[PDB]
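# A closer look at the structure
Listed below are the residues making up each chain.
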Amino acid sequence: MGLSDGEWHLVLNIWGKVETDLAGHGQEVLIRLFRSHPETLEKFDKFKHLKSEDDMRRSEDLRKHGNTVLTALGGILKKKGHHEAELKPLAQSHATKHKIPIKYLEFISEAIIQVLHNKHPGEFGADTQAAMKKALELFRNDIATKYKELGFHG
Ligand code: HEM
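In its metadata, the entry names X-ray crystallography as the structure determination method and reports 1.90 Å as the resolution.

### Quick look at the side chain of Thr-128
On the secondary structure map, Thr-128 appears in helix α7 (residues 126–150). Looking at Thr-128, the relative accessible area reads 9%, which means it is buried. In contact with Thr-128, other than residues within four places in its own chain, are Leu-10, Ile-14 and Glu-123.

### Points about the UniProt feature "domain: Globin" (unreviewed entry) in the protein
On the UniProt side, "domain: Globin" (unreviewed entry) is annotated at positions that read residues 2–148 here. Helix makes up 73% of residues 2–148 and strand makes up 0%, while its end C-alpha atoms are separated by 20 Å.

### Considering the coordination of the iron atom of the ligand
Exactly one protein atom donates to the iron atom of the ligand; that atom is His-94 (NE2), 2.2 Å from the metal. Position of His-94 among the secondary structure elements: in helix α5 (residues 84–94).

### Thoughts on the packing of helix α1 (residues 5–19) against helix α4 (residues 60–78)
At a minimum axis separation of 10 Å, α1 and α4 run at an interaxial angle of 150°. Compared by their axis directions, α1 and α4 come out roughly antiparallel. The handedness of the crossing between α1 and α4 comes out as left-handed. Taking contact as the criterion, the partners of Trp-8, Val-11, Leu-12, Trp-15, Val-18 and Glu-19 in α1 are, on α4, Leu-70, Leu-73, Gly-74, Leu-77 and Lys-78. Its residues assigned to classes, the contact of α1 with α4 shows eight nonpolar, one polar and two charged.

### Considering unusual backbone geometry
The residue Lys-80 is not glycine, and still its phi comes out positive at about 60°. Relative to the helices and strands, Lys-80 is located in the loop between α4 and α5. A residue is classified by how much of its surface remains accessible, and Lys-80, at 36% relative accessible area, is partly exposed.

Thresholds, definitions, all that
Residues numbered from 1 in each chain as written, not as in the entry; some residues may be left out. Heavy atoms only, no water. Helix = DSSP H or I, 4+ residues; strand = E, 2+ residues; numbered from the N terminus. Buried < 20%, exposed > 50% of the residue type's maximum accessible area, 1.4 Å probe, protein only. Contact = heavy atoms within 4.5 Å. UniProt positions renumbered as here; feature names shortened; annotations may be inferred. Donors = N, O, S within 2.8 Å, 3.2 Å for Na, K, Ca; no water. Axes fitted to C-alpha atoms, helices over the stretch in contact; angles between N-to-C directions. Parallel < 35°, antiparallel > 145°, perpendicular 65-115°, else oblique. Left-handed = near helix turned anticlockwise from the far one by under 90°. Nonpolar A, V, L, I, M, F, W, Y, C, P; charged D, E, K, R; others polar.

This is the structure:
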């Protein structure tokens, strides 16, 4: 489950590009999530009204939340294999106030991978893709562990 130093290095190489625009990457991640899995838009009372891609792109509220999402994920990724303190409140919030099944966390992992590949073809080769995939698997798995403790079957 754990990543090597070299795998983390690949993850943070591509994250270095994302960092220079957390809101804009985050917006594309949410859009690709919602369009690839429309059922996930149901979890977001604030965005359910957005019925088109162009509407989603014009939503400053959607853009802002994309920054929140990727800011939180960046802090986690930057902690590499010692992210217990950053991940725990996130798990807590997504197992209580917004009950997000692990399946949808897989969907957004998939959306993140697709956005990075579309926006960063050169820096996101097969090895960096495999490493980012692994980091997001570790992330979901660790969230799932906390879910169990919190009483939520994900
Ligand atoms: C990489 C995975 C994710 C990250 C890093 C993330 C991060 C966040 C953060 C930081 C917040 C606000 C603070 C908090 O609640 O702790 C939030 C809120 C929320 N999250 Fe997530 N999230 C992720 C995945 C998801 C998914 C897949 C869904 C639904 C399918 C979801 C649904 C929500 C909702 C509904 C809120 C509240 C929105 C609002 O403030 O109105 N999250 N998320």
